[PDB]
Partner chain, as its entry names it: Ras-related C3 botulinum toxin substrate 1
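Taking the form solved without the partner chain, here's one chain by itself in structure tokens.
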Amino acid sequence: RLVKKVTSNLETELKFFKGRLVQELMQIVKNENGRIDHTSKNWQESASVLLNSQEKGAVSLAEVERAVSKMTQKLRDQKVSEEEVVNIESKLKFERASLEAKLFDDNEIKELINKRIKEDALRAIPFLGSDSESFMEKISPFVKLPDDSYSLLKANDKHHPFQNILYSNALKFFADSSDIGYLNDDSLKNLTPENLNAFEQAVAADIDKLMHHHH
């Protein structure tokens, strides 16, 4: 029962860390107007601090590892089966291997950044209901971003242009009125087969158009 909770905490610590990591990396790609270059001085410095900063209460994988060490110590203090505890230390080591690989591979970086471009766009839809995470899971399957979504990141732009495409279409199809600029739990009743396909069609088309104009 404890093992389950510690595993959740590890998963959670890593989802937060992974997120902030990708966010930073995107300021580098953005500042380079959408060119991926994992060999630059700035990338290597940024990657190193995000993976290995020792500084207390900083956002680093190193900092996650210390947290998890305390937890595996507490598990040992309370006599939890040693197999369960090593298993956890392994997951952590595997996650560090994955990231060390991904961070220096231009295709892996593209995957991470296009996933965050989509997470950002869904978070841009102003949902004031109970559970925004659930809302976005309902929408996510109707949105598939091109492989080259990252190349539209520009230094000058505060936001990826996909934000405005998901913002507009979500309200066009799911808000009770045009005047309102927010969804809430009442909006869920507008997630009909017809509106979900039309949203899917619309977002796909606006994205195709922007991609074509760019290339």
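Numbering follows the first chain given and starts at 1.
The following text describes the form deposited with the partner chain bound, which does not appear among the structures shown.
Residues placing heavy atoms within 4.5 Å of the partner chain in the entry with it bound fall in a single listed stretch, namely 122 to 130, out of 139 to 147, 122 to 130, 102 to 110, 83 to 91. The putative spot formed by 172, 196 and 199 is not touched by the partner chain in the entry with it bound; no residue has a non-hydrogen atom within 4.5 angstroms of it. Taking the partner from elsewhere, residue 189 is found to have every heavy atom lying beyond 4.5 Å of the partner chain in the entry with it bound. Contact check for residue 35: every heavy atom lies farther than 4.5 Å from the partner chain in the entry with it bound. Taking the partner from elsewhere, residue 50 is found to have a heavy atom lying within 4.5 Å of the partner chain in the entry with it bound. In the entry with it bound, no heavy atom of residue 176 sits within 4.5 Å of the partner chain.
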